[PDB]
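J.: Would you mind keeping the following structure in view while I ask a few things?
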Amino acid sequence: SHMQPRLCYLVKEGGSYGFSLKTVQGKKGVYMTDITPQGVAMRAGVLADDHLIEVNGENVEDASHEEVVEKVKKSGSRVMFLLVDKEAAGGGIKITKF
Amino acid sequence: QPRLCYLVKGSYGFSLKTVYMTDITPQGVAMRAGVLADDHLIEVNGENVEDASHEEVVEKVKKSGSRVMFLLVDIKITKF
Amino acid sequence: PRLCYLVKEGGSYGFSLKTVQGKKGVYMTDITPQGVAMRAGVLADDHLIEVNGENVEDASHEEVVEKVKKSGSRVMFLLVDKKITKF
């Protein structure tokens, strides 16, 4: 659930990075999904429903699905992501103990 | 196994539930089109709706108006 | 709908209140195992409808916190627990 993002460096192997990018209804930017077991992404620390903040140092928080795909395709055989998890990417939560 | 159902309305006598059939009104058009409770919608008017949302499938049915066909059985994603 | 009458044990009721950005309502969370709230039948993600007979459906996190604080060592909740289109 952390407010400490992950830096994940992926090198393509066997023709695939082992992730898919999706959009989510009424949410900005793009998200990881379909993290293949033992694939490059899972091995690099990528998590399902991670939210992409940066691709190779470039902010993608406000980018379209297509923009991010292009950015990742332009990267070729290696790519770096700055990622925050599903819980960080959700709406803020206030909790008071009683 | 899949059935083709062609419904002519001014109501159809079924409800969509999340997509699935439900509220099949006794002796109505959907019931007598062959529609059964909890049918899974595979297609509407030839278009697959297996991965469709509730809203998407609702608008597709409203869009064909007074007549509709279902194939029944009793978001962007890019892969890298 | 459950009506729950809670009495503090060791200075705690064994629940926390939660609100989420984008979501209307105040909710129960963090129900301490075998605490007061758990023993009164309170459930995680219960939506608060009333506190001591005042509706709090439109109320802020902080309004509801104060309302619970103000009844002291006992408090009552009205609670409810956490698509079809016709053609």
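Each value in this text was obtained by applying a stated rule to the coordinates, not by laboratory testing. With ideal geometry, Cβ positions are generated from the backbone for all residues, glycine too; neighbour counts draw on all protein chains shown.
J.: For segment B:45-63, what are the residues that are under 15 Å from B:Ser15 (Cα atoms) and among the acidic types (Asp, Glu)? Outline the logic, then answer.
T.: As a first pass, look at segment B:45-63 and keep what is under 15 Å from B:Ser15 (Cα atoms): B:53-62.
Correct list: B:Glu55, B:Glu56, B:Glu59.
J.: Would you check if there is a residue in segment A:83-92 being more than 14 Å from chain C (Cβ to nearest Cβ), part of a strand (DSSP E or B) and crowded, with 16+ Cβ neighbours inside 10 Å?
T.: yes
J.: So which residues in segment A:48-64 are crowded, with 17+ Cβ neighbours inside 10 Å and more than 18 Å from A:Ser1 (Cβ to Cβ), if there are any at all? Steps first, answer last, please.
T.: At the first step, the residues of segment A:48-64 found to be crowded, with 17+ Cβ neighbours inside 10 Å are A:50-53, A:55, A:60, A:63.
Residues satisfying the conditions are A:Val55, A:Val60, A:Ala63.
J.: From the list B:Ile75, B:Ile42, exactly one residue is more than 20 Å from B:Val8 (Cβ to Cβ), within 12 Å of another protein chain (Cβ to nearest Cβ), touching a strand residue (DSSP E or B) at 6+ places or on another chain (Cβ under 9 Å) and not acidic (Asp, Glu). Which is it?
T.: Numbers: B:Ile42 fails: within 12 Å of another protein chain (Cβ to nearest Cβ).
Every option except B:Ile75 fails the conditions.
J.: Looking only at segment C:10-39, count how many residues are more than 9 Å from chain A (Cβ to nearest Cβ), buried (at least 21 other Cβ atoms within 10 Å of the Cβ) and in a helix (DSSP H, G or I).
T.: Here the count works out to 1.
J.: Quick check, is B:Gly34 at positive phi and small (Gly, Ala, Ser)? Give the derivation first.
T.: On the way: at positive phi: yes; small (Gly, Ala, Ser): yes.
Taking the combined requirement at face value, the residue satisfies it.
J.: Which of the residues belonging to segment B:45-72 are among the charged types (D, E, K, R), in a helix (DSSP H, G or I) and within 14 Å of chain A (Cβ to nearest Cβ)?
T.: Filtering segment B:45-72 for residues among the charged types (D, E, K, R) gives B:47, B:50-51, B:55-56, B:59-60, B:62-63, B:67.
Add one more test, that the residue is in a helix (DSSP H, G or I), and what stays is B:55-56, B:59-60, B:62-63.
Answer for segment B:45-72, where residues must be among the charged types (D, E, K, R), in a helix (DSSP H, G or I) and within 14 Å of chain A (Cβ to nearest Cβ): B:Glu55, B:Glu56.
J.: What is the one condition in (1) away from chain C (no Cβ under 14 Å); (2) under 30 Å from C:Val26 (Cα atoms); (3) of a type outside the set (A, V, I, L, M); (4) touching a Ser or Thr at 6+ places or on another chain (Cβ under 8 Å) that A:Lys97 does not satisfy?
T.: Unmet for A:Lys97, out of (1) away from chain C (no Cβ under 14 Å); (2) under 30 Å from C:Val26 (Cα atoms); (3) of a type outside the set (A, V, I, L, M); (4) touching a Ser or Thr at 6+ places or on another chain (Cβ under 8 Å): (1).
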